[PDB]
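Peer 1: This structure is in structure tokens; I'll ask about it shortly.
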Ligand SMILES: [Cl-]
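Shown next as structure tokens:
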């Protein structure tokens with residue numbers, strides 16, 4: 002388990018404005034919770050806590 006910015010194809014984050022959207026997204030993917038931090042390694046993106054190891058996450062590289 003780990004905390005991280007969840008990703009969609011291909012190596013892209015889920016952009017957001019509200020924590021509620023991210024919490025729903027993260028928990029539906031097996032995480033404990035989720036939020037929409039404004040600043041961070043990836044701005045305005047969903048951040049999940051206690052996410053299952055098999056869920057795709059954002060890694061170094063360009064979203065495509
Ligand atoms: Cl996903």
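Numbering (the entry's author numbering), first residue to last: 2 to 65. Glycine is no exception: its CB is placed at the ideal position from the N, C-alpha and C atoms.
Could you compute how far the alpha carbon of residue 53 sits from the alpha carbon of residue 39?
Peer 2: Locating residue 53 in the chain shown gives position 52, where the first residue counts as 1. Locating residue 39 in the chain shown gives position 38, where the first residue counts as 1. Rounded to whole angstroms, residue 53 to residue 39 spans 23 Å at the Cα level.
Peer 1: For residue 63, collect the residues of the same chain with a Cβ closer than 8 Å to its Cβ; drop the 5 residues on either side in sequence, then sort them by chain order.
Peer 2: For the purposes of this step, residue 63 is taken as the residue at position 62 of the chain shown. Correct list, in chain order: 12.
Peer 1: Please write down, chain order preserved, every residue whose beta carbon lies under 7 Å from a heavy atom of ligand 1.
Peer 2: Qualifying residues, in the order they occur: 7, 8, 9, 30, 56, 57.
Peer 1: Is the separation between the beta-carbon of residue 17 and that of residue 49 shorter than 9 Å?
Peer 2: Locating residue 17 in the chain shown gives position 16, counting from the first residue. Locating residue 49 in the chain shown gives position 48, counting from the first residue. No, Cβ-Cβ distance for residue 17 and residue 49 is not below 9 Å.
Peer 1: Starting from residue 26, follow the alpha helix (DSSP H) in both directions and report where the run begins and ends.
Peer 2: The residue given as residue 26 occupies position 25 in the chain shown. It spans 20 to 28 - the alpha helix (DSSP H) in which residue 26 sits, taken as one unbroken run.
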